[PDB]
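As stored in coords-v7.cif (mmCIF, C-alpha atoms and all ligand atoms):
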```cif
data_protein
loop_
_atom_site.group_PDB
_atom_site.id
_atom_site.type_symbol
_atom_site.label_atom_id
_atom_site.label_comp_id
_atom_site.auth_asym_id
_atom_site.auth_seq_id
_atom_site.Cartn_x
_atom_site.Cartn_y
_atom_site.Cartn_z
ATOM 1 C CA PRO A 289 62.425 91.462 3.375
ATOM 2 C CA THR A 290 61.542 90.062 -0.069
ATOM 3 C CA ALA A 291 57.846 90.652 -0.687
ATOM 4 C CA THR A 292 56.253 93.846 -2.024
ATOM 5 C CA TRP A 293 52.822 94.988 -0.818
ATOM 6 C CA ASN A 294 50.220 97.332 -2.210
ATOM 7 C CA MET A 295 48.492 99.698 0.169
ATOM 8 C CA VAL A 296 44.758 99.331 -0.012
ATOM 9 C CA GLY A 297 43.578 101.898 2.596
ATOM 10 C CA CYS A 298 44.789 103.821 5.632
ATOM 11 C CA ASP A 299 42.823 105.041 8.576
ATOM 12 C CA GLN A 300 44.675 107.260 11.028
ATOM 13 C CA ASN A 301 41.789 107.126 13.504
ATOM 14 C CA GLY A 302 40.174 103.717 13.452
ATOM 15 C CA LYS A 303 39.384 100.470 11.681
ATOM 16 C CA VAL A 304 39.923 99.500 8.045
ATOM 17 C CA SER A 305 38.304 96.436 6.469
ATOM 18 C CA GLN A 306 37.695 95.227 2.950
ATOM 19 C CA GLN A 307 35.338 93.055 1.000
ATOM 20 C CA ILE A 308 36.333 91.515 -2.359
ATOM 21 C CA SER A 309 33.633 90.074 -4.624
ATOM 22 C CA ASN A 310 33.420 88.187 -7.904
ATOM 23 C CA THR A 311 30.274 87.438 -9.881
ATOM 24 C CA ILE A 312 29.827 85.170 -12.894
ATOM 25 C CA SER A 313 26.444 84.978 -14.660
ATOM 26 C CA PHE A 314 24.908 83.258 -17.705
ATOM 27 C CA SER A 315 21.665 84.336 -19.295
ATOM 28 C CA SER A 316 19.587 83.472 -22.379
ATOM 29 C CA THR A 317 16.530 84.981 -24.076
ATOM 30 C CA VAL A 318 14.131 83.451 -26.592
ATOM 31 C CA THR A 319 11.941 85.863 -28.568
ATOM 32 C CA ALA A 320 8.965 84.956 -30.776
ATOM 33 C CA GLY A 321 7.180 87.688 -32.769
ATOM 34 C CA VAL A 322 4.451 88.175 -35.386
ATOM 35 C CA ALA A 323 3.584 91.212 -37.511
ATOM 36 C CA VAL A 324 0.712 92.211 -39.793
ATOM 37 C CA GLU A 325 1.215 95.040 -42.337
ATOM 38 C CA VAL A 326 -1.808 96.332 -44.275
ATOM 39 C CA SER A 327 -0.696 99.058 -46.738
ATOM 40 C CA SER A 328 -2.230 100.748 -49.795
ATOM 41 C CA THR A 329 -1.307 103.418 -52.338
ATOM 42 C CA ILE A 330 -3.029 105.815 -54.788
ATOM 43 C CA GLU A 331 -0.847 106.987 -57.705
ATOM 44 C CA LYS A 332 -2.019 109.119 -60.667
ATOM 45 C CA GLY A 333 0.479 109.587 -63.475
ATOM 46 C CA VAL A 334 -0.248 110.437 -67.111
ATOM 47 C CA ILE A 335 1.788 112.915 -69.260
ATOM 48 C CA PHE A 336 4.842 113.469 -67.332
ATOM 49 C CA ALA A 337 4.812 114.154 -63.575
ATOM 50 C CA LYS A 338 3.593 111.298 -61.311
ATOM 51 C CA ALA A 339 2.341 111.650 -57.698
ATOM 52 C CA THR A 340 1.449 109.028 -55.055
ATOM 53 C CA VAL A 341 0.150 108.942 -51.469
ATOM 54 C CA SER A 342 0.641 105.805 -49.279
ATOM 55 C CA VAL A 343 -0.990 104.708 -46.021
ATOM 56 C CA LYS A 344 0.520 101.747 -44.151
ATOM 57 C CA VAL A 345 -0.765 100.191 -40.911
ATOM 58 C CA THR A 346 1.380 97.720 -38.912
ATOM 59 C CA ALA A 347 0.558 95.716 -35.780
ATOM 60 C CA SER A 348 3.071 93.557 -33.912
ATOM 61 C CA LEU A 349 2.965 91.134 -30.971
ATOM 62 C CA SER A 350 6.063 89.465 -29.505
ATOM 63 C CA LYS A 351 6.943 87.431 -26.426
ATOM 64 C CA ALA A 352 10.386 86.901 -24.918
ATOM 65 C CA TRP A 353 11.415 84.342 -22.257
ATOM 66 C CA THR A 354 14.626 85.009 -20.311
ATOM 67 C CA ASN A 355 16.292 82.898 -17.736
ATOM 68 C CA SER A 356 19.565 83.409 -15.961
ATOM 69 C CA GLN A 357 21.769 82.276 -13.159
ATOM 70 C CA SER A 358 24.659 83.851 -11.380
ATOM 71 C CA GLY A 359 27.018 83.020 -8.603
ATOM 72 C CA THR A 360 29.028 85.310 -6.462
ATOM 73 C CA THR A 361 31.757 84.997 -3.833
ATOM 74 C CA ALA A 362 32.716 87.669 -1.321
ATOM 75 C CA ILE A 363 35.649 87.494 1.035
ATOM 76 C CA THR A 364 35.969 90.056 3.783
ATOM 77 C CA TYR A 365 39.121 90.983 5.765
ATOM 78 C CA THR A 366 39.339 93.136 8.906
ATOM 79 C CA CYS A 367 42.420 94.703 10.546
ATOM 80 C CA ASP A 368 42.373 93.547 14.184
ATOM 81 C CA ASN A 369 45.960 93.514 15.413
ATOM 82 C CA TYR A 370 49.481 94.510 14.516
ATOM 83 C CA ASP A 371 52.357 91.952 14.176
ATOM 84 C CA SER A 372 53.261 92.889 17.768
ATOM 85 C CA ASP A 373 49.828 91.463 18.768
ATOM 86 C CA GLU A 374 48.375 94.755 20.115
ATOM 87 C CA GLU A 375 44.862 95.750 19.047
ATOM 88 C CA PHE A 376 44.600 97.651 15.753
ATOM 89 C CA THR A 377 43.273 101.138 16.329
ATOM 90 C CA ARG A 378 44.779 102.833 13.186
ATOM 91 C CA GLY A 379 46.613 102.735 10.258
ATOM 92 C CA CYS A 380 46.996 100.698 6.992
ATOM 93 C CA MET A 381 45.779 97.635 5.188
ATOM 94 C CA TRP A 382 48.116 95.947 2.713
ATOM 95 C CA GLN A 383 47.664 93.414 -0.084
ATOM 96 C CA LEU A 384 50.444 91.117 -1.315
ATOM 97 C CA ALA A 385 51.501 92.163 -4.823
ATOM 98 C CA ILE A 386 51.859 88.675 -6.427
ATOM 99 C CA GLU A 387 48.939 87.816 -8.724
ATOM 100 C CA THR A 388 47.465 84.522 -7.664
ATOM 101 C CA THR A 389 45.945 81.245 -8.856
ATOM 102 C CA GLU A 390 42.147 81.583 -9.109
ATOM 103 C CA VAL A 391 39.926 79.117 -7.315
ATOM 104 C CA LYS A 392 36.780 77.871 -9.049
ATOM 105 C CA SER A 393 33.811 75.798 -7.872
ATOM 106 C CA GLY A 394 31.600 74.748 -10.734
ATOM 107 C CA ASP A 395 30.669 77.186 -13.481
ATOM 108 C CA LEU A 396 29.710 80.358 -11.636
ATOM 109 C CA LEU A 397 31.767 80.611 -8.441
ATOM 110 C CA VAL A 398 35.255 82.116 -8.639
ATOM 111 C CA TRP A 399 37.696 83.479 -6.038
ATOM 112 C CA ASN A 400 40.973 85.167 -6.427
ATOM 113 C CA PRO A 401 42.727 84.778 -3.067
ATOM 114 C CA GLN A 402 44.457 87.727 -1.494
ATOM 115 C CA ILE A 403 46.987 87.832 1.300
ATOM 116 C CA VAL A 404 46.326 90.867 3.466
ATOM 117 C CA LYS A 405 48.434 92.496 6.201
ATOM 118 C CA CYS A 406 47.894 95.463 8.572
ATOM 119 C CA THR A 407 50.472 97.900 9.922
ATOM 120 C CA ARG A 408 50.741 100.697 12.512
ATOM 121 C CA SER A 409 51.458 103.434 9.932
ATOM 122 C CA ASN A 410 51.774 103.961 6.188
ATOM 123 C CA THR A 411 55.378 102.994 5.655
ATOM 124 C CA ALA A 412 55.386 100.012 3.279
ATOM 125 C CA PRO A 413 56.242 96.618 4.731
ATOM 126 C CA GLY A 414 58.680 94.207 3.029
ATOM 127 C CA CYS A 415 58.379 91.091 5.187
ATOM 128 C CA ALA A 416 57.002 87.871 3.707
ATOM 129 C CA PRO A 417 53.469 86.691 4.429
ATOM 130 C CA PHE A 418 53.311 85.362 7.991
ATOM 131 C CA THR A 419 56.585 87.017 8.778
ATOM 132 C CA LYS A 420 57.215 89.847 11.194
ATOM 133 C CA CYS A 421 59.960 92.477 11.717
ATOM 134 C CA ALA A 422 62.750 90.935 13.748
ATOM 135 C CA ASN A 423 64.647 94.150 14.530
ATOM 136 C CA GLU A 424 63.846 97.794 15.367
ATOM 137 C CA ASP A 425 64.292 99.140 11.804
ATOM 138 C CA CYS A 426 62.865 96.040 10.122
ATOM 139 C CA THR A 427 65.756 94.907 7.915
ATOM 140 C CA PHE A 428 65.200 91.331 9.001
ATOM 141 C CA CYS A 429 62.058 89.239 9.172
ATOM 142 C CA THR A 430 61.189 86.286 11.416
ATOM 143 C CA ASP A 431 58.304 83.770 11.439
ATOM 144 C CA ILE A 432 55.236 85.233 13.092
ATOM 145 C CA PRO B 289 51.263 121.274 8.892
ATOM 146 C CA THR B 290 51.694 120.482 5.170
ATOM 147 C CA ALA B 291 48.846 118.217 4.064
ATOM 148 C CA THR B 292 45.365 119.317 3.030
ATOM 149 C CA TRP B 293 42.307 117.186 3.806
ATOM 150 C CA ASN B 294 38.806 117.039 2.413
ATOM 151 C CA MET B 295 35.888 116.702 4.790
ATOM 152 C CA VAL B 296 33.739 113.728 3.973
ATOM 153 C CA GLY B 297 31.112 113.925 6.748
ATOM 154 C CA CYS B 298 30.471 115.338 10.217
ATOM 155 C CA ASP B 299 28.337 113.988 12.994
ATOM 156 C CA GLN B 300 27.901 116.202 16.005
ATOM 157 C CA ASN B 301 26.171 113.412 17.909
ATOM 158 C CA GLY B 302 27.705 110.098 17.046
ATOM 159 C CA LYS B 303 29.693 107.852 14.766
ATOM 160 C CA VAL B 304 30.693 108.390 11.158
ATOM 161 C CA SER B 305 32.003 105.671 8.878
ATOM 162 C CA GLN B 306 32.392 105.203 5.139
ATOM 163 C CA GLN B 307 32.594 102.485 2.549
ATOM 164 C CA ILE B 308 34.290 103.026 -0.819
ATOM 165 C CA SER B 309 33.566 100.611 -3.665
ATOM 166 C CA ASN B 310 34.827 99.978 -7.202
ATOM 167 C CA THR B 311 33.341 97.545 -9.710
ATOM 168 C CA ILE B 312 34.707 96.481 -13.079
ATOM 169 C CA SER B 313 32.667 94.200 -15.363
ATOM 170 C CA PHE B 314 32.933 92.660 -18.828
ATOM 171 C CA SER B 315 29.989 91.217 -20.683
ATOM 172 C CA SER B 316 29.254 89.800 -24.135
ATOM 173 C CA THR B 317 26.087 88.839 -26.032
ATOM 174 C CA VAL B 318 25.666 86.645 -29.103
ATOM 175 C CA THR B 319 22.371 86.938 -31.019
ATOM 176 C CA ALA B 320 21.109 84.636 -33.763
ATOM 177 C CA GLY B 321 17.844 85.491 -35.549
ATOM 178 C CA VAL B 322 15.663 84.242 -38.387
ATOM 179 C CA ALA B 323 12.739 85.982 -40.198
ATOM 180 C CA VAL B 324 10.050 84.978 -42.712
ATOM 181 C CA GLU B 325 8.194 87.706 -44.680
ATOM 182 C CA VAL B 326 5.217 86.678 -46.834
ATOM 183 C CA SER B 327 3.793 89.737 -48.674
ATOM 184 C CA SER B 328 1.484 90.306 -51.647
ATOM 185 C CA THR B 329 0.003 93.240 -53.566
ATOM 186 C CA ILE B 330 -3.001 93.994 -55.831
ATOM 187 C CA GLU B 331 -2.542 96.986 -58.164
ATOM 188 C CA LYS B 332 -4.974 98.091 -60.889
ATOM 189 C CA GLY B 333 -3.817 100.880 -63.199
ATOM 190 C CA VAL B 334 -4.903 101.744 -66.743
ATOM 191 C CA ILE B 335 -5.487 105.341 -68.045
ATOM 192 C CA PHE B 336 -4.010 107.351 -65.708
ATOM 193 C CA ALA B 337 -4.498 106.999 -61.916
ATOM 194 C CA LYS B 338 -3.092 103.794 -60.337
ATOM 195 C CA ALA B 339 -4.105 102.303 -56.956
ATOM 196 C CA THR B 340 -2.607 99.400 -54.913
ATOM 197 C CA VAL B 341 -3.252 97.608 -51.586
ATOM 198 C CA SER B 342 -0.505 95.533 -49.869
ATOM 199 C CA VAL B 343 -0.700 92.894 -47.125
ATOM 200 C CA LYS B 344 2.588 91.764 -45.527
ATOM 201 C CA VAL B 345 3.017 89.111 -42.808
ATOM 202 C CA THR B 346 6.315 88.739 -40.897
ATOM 203 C CA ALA B 347 7.361 86.159 -38.266
ATOM 204 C CA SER B 348 10.676 86.291 -36.386
ATOM 205 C CA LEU B 349 12.514 84.095 -33.887
ATOM 206 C CA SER B 350 15.817 84.997 -32.270
ATOM 207 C CA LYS B 351 17.981 83.713 -29.435
ATOM 208 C CA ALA B 352 20.616 85.652 -27.481
ATOM 209 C CA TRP B 353 23.313 84.220 -25.169
ATOM 210 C CA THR B 354 24.901 86.601 -22.657
ATOM 211 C CA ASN B 355 27.666 85.982 -20.212
ATOM 212 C CA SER B 356 29.395 88.364 -17.914
ATOM 213 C CA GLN B 357 31.731 88.617 -15.009
ATOM 214 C CA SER B 358 32.396 91.399 -12.584
ATOM 215 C CA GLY B 359 34.552 92.059 -9.612
ATOM 216 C CA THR B 360 34.230 94.594 -6.912
ATOM 217 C CA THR B 361 36.275 95.834 -3.964
ATOM 218 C CA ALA B 362 34.877 97.681 -0.966
ATOM 219 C CA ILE B 363 36.973 99.279 1.759
ATOM 220 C CA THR B 364 35.283 100.523 4.894
ATOM 221 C CA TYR B 365 36.664 103.004 7.481
ATOM 222 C CA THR B 366 35.209 103.830 10.909
ATOM 223 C CA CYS B 367 36.020 106.742 13.234
ATOM 224 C CA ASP B 368 36.960 105.192 16.577
ATOM 225 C CA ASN B 369 39.286 107.602 18.314
ATOM 226 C CA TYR B 370 40.790 111.069 18.177
ATOM 227 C CA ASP B 371 44.590 111.636 17.924
ATOM 228 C CA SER B 372 44.518 112.132 21.711
ATOM 229 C CA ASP B 373 43.401 108.451 21.884
ATOM 230 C CA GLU B 374 39.991 109.145 23.500
ATOM 231 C CA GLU B 375 36.951 107.381 22.078
ATOM 232 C CA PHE B 376 35.273 109.118 19.111
ATOM 233 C CA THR B 377 31.737 110.113 20.001
ATOM 234 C CA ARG B 378 31.365 112.983 17.538
ATOM 235 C CA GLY B 379 33.310 114.959 14.979
ATOM 236 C CA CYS B 380 34.282 114.740 11.335
ATOM 237 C CA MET B 381 35.871 112.303 8.993
ATOM 238 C CA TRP B 382 38.627 113.506 6.663
ATOM 239 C CA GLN B 383 40.223 112.199 3.492
ATOM 240 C CA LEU B 384 43.713 113.123 2.353
ATOM 241 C CA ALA B 385 43.548 115.368 -0.721
ATOM 242 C CA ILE B 386 46.394 113.804 -2.779
ATOM 243 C CA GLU B 387 45.118 111.548 -5.591
ATOM 244 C CA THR B 388 46.733 108.163 -5.318
ATOM 245 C CA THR B 389 48.220 105.242 -7.222
ATOM 246 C CA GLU B 390 45.493 102.653 -8.011
ATOM 247 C CA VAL B 391 45.979 99.061 -6.998
ATOM 248 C CA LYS B 392 44.875 96.291 -9.387
ATOM 249 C CA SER B 393 44.535 92.527 -9.013
ATOM 250 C CA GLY B 394 43.886 90.825 -12.301
ATOM 251 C CA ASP B 395 41.384 92.258 -14.723
ATOM 252 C CA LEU B 396 38.348 93.128 -12.609
ATOM 253 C CA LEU B 397 39.537 94.107 -9.129
ATOM 254 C CA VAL B 398 40.623 97.717 -8.549
ATOM 255 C CA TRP B 399 41.207 99.830 -5.443
ATOM 256 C CA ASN B 400 42.051 103.412 -5.026
ATOM 257 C CA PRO B 401 43.567 103.781 -1.552
ATOM 258 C CA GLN B 402 42.466 106.584 0.713
ATOM 259 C CA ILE B 403 44.032 107.944 3.848
ATOM 260 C CA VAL B 404 41.308 108.862 6.323
ATOM 261 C CA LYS B 405 41.518 110.881 9.567
ATOM 262 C CA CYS B 406 38.942 111.774 12.241
ATOM 263 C CA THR B 407 38.743 114.927 14.342
ATOM 264 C CA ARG B 408 36.842 116.313 17.389
ATOM 265 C CA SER B 409 35.190 119.120 15.393
ATOM 266 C CA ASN B 410 34.913 120.496 11.866
ATOM 267 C CA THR B 411 37.948 122.739 11.750
ATOM 268 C CA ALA B 412 40.234 121.442 9.007
ATOM 269 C CA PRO B 413 43.368 119.563 10.012
ATOM 270 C CA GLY B 414 46.739 120.232 8.339
ATOM 271 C CA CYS B 415 48.961 117.613 9.962
ATOM 272 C CA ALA B 416 50.520 114.898 7.785
ATOM 273 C CA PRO B 417 49.227 111.318 7.756
ATOM 274 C CA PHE B 418 50.160 109.631 11.022
ATOM 275 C CA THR B 419 50.985 112.947 12.531
ATOM 276 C CA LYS B 420 49.246 114.645 15.421
ATOM 277 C CA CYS B 421 49.030 118.211 16.814
ATOM 278 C CA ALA B 422 52.058 118.876 18.996
ATOM 279 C CA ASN B 423 50.842 122.158 20.523
ATOM 280 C CA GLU B 424 47.584 123.671 21.796
ATOM 281 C CA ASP B 425 46.750 125.631 18.599
ATOM 282 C CA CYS B 426 48.134 122.987 16.237
ATOM 283 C CA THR B 427 50.845 124.914 14.366
ATOM 284 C CA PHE B 428 53.253 122.017 14.803
ATOM 285 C CA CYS B 429 52.818 118.319 14.150
ATOM 286 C CA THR B 430 54.562 115.352 15.747
ATOM 287 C CA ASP B 431 54.619 111.630 14.891
ATOM 288 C CA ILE B 432 51.553 109.862 16.246
HETATM 289 CA CA CA A 501 53.449 87.094 18.229
HETATM 290 CA CA CA A 502 48.923 108.317 21.102
#
```

As structure tokens, please, write out the structure in this file.
Amino acid sequence: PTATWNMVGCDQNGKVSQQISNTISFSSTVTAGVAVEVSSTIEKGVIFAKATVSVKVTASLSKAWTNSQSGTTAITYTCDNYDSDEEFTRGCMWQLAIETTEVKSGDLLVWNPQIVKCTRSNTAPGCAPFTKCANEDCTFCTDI
Amino acid sequence: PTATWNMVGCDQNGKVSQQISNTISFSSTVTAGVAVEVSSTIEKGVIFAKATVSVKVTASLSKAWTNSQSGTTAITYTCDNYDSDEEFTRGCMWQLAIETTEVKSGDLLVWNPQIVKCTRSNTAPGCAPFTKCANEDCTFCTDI
């Protein structure tokens, strides 16, 4: 047993499944505005102390145009059987620990592939992807 | 019985399931703008009180570019059976109380694993993950 796996969820009493999603989006906005300011002031100031009062009135009008596009991918995995080939009715879903080479398709679709495994209980597996316990206490692995 | 569980939902008359989701997202915006202000003022002021009126006209034009990416994981659990192996037609769903080591996969995928259990009724279980009542009043637990 070489590989190390991360546990992703355990259910003692039924199914476990997962969905993994990535979104990429690009957006842009164009804004055009105009403003009109009409102020005035009255200031009286002779022999020593000066005092003013101002009244300003502003009016604005803008218009923005946005457009955007996104793309998303979503992979879903379900636990259906153990390595022994019996139906899965409980316990844990595992994800291979190696980080992996991202897949792209054009500018806004991206995947990052996972390799998922399901086991009877929550004791961590060691066997390689597509490799099964060969002996009772799982110190050897054979091709599935 | 060692473990403590939190109740997450009870249905006296059918199924209970849950879905747990985590999203991580990074975004950035770049904004470039340009403004033109064309003001003027008329102020008349001799012997002793001064008075002005101002008219300002502004026009702006900006453009923002945003791009973002997110990633989300969603694990779903369903209650299918009791520890006795009968079909689940009512009862409660439980979540192990210990906080748990988060799994990551690159920059925007995160899980935090749960261990879920389902029971016949709403009396709190104490048995360890993958461990079942061994006796009528559940003071001892055996491997499932
Ligand atoms: Ca086989
Ligand atoms: Ca059993």

| remark: Separating CA of residue 362 (chain A) from CA of residue 309 (chain B), to the nearest tenth of an Å, is a gap of 13.2 Å

| field | Who sits within 7 Å of residue 292 (chain B), all atoms listed in the file, same chain under 3 positions skipped, as JSON, numbers by chain | value | {"B": [384, 385, 414]}

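Near ligand CA 501 (chain A), at distances of 10 Å or less and with only C-alpha atoms and all ligand atoms counted, sit the residues residues 370, 371, 372, 373, 374, 419, 420, 431 and 432 of chain A.
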
How close does each residue of chain A get to ligand CA 502 (chain A), giving the shortest atom pair and distance in Å to one decimal for every residue with an atom at most 12 Å away, counting all atoms listed in the file, sorted by chain and residue number, as CSV?
```
residue,atom,partner,partner_atom,distance
A:300,CA,A:CA502,CA,11.0
A:301,CA,A:CA502,CA,10.5
A:377,CA,A:CA502,CA,10.3
A:378,CA,A:CA502,CA,10.5
A:408,CA,A:CA502,CA,11.6
```

Could you list, with a cut-off of 8 Å and counting only C-alpha atoms, the residues of chain A near chain B, each shown with its nearest atom pair and the distance in Å rounded to one decimal, rows sorted by chain and ascending number, as a tab-separated table?
```
residue	atom	partner	partner_atom	distance
A:294	CA	B:391	CA	6.6
A:295	CA	B:401	CA	6.6
A:296	CA	B:401	CA	4.9
A:297	CA	B:401	CA	4.6
A:298	CA	B:403	CA	4.6
A:299	CA	B:404	CA	4.7
A:300	CA	B:405	CA	5.0
A:301	CA	B:369	CA	5.4
A:302	CA	B:368	CA	4.7
A:303	CA	B:366	CA	5.4
A:304	CA	B:365	CA	4.8
A:305	CA	B:364	CA	5.3
A:306	CA	B:363	CA	4.3
A:307	CA	B:362	CA	5.0
A:308	CA	B:361	CA	4.6
A:309	CA	B:360	CA	5.1
A:310	CA	B:359	CA	4.4
A:311	CA	B:358	CA	5.2
A:312	CA	B:357	CA	4.5
A:313	CA	B:356	CA	5.5
A:314	CA	B:355	CA	4.6
A:315	CA	B:354	CA	5.2
A:316	CA	B:353	CA	4.7
A:317	CA	B:352	CA	5.4
A:318	CA	B:351	CA	4.8
A:319	CA	B:350	CA	5.4
A:320	CA	B:349	CA	4.8
A:321	CA	B:348	CA	5.2
A:322	CA	B:347	CA	4.6
A:323	CA	B:346	CA	5.0
A:324	CA	B:345	CA	4.9
A:325	CA	B:344	CA	4.8
A:326	CA	B:343	CA	4.6
A:327	CA	B:342	CA	4.7
A:328	CA	B:341	CA	3.8
A:329	CA	B:340	CA	4.9
A:330	CA	B:339	CA	4.3
A:331	CA	B:338	CA	4.7
A:332	CA	B:337	CA	3.5
A:333	CA	B:336	CA	5.5
A:334	CA	B:336	CA	5.1
A:377	CA	B:368	CA	7.5
A:379	CA	B:418	CA	7.8
A:387	CA	B:393	CA	6.5
A:409	CA	B:418	CA	6.4
A:410	CA	B:418	CA	7.6
```

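Between CA of residue 386 (chain B) and CA of residue 291 (chain A) the interatomic distance comes to 25.9 Å.
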
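The space between CA of residue 422 (chain B) and CA of residue 290 (chain B) spans 13.9 Å.
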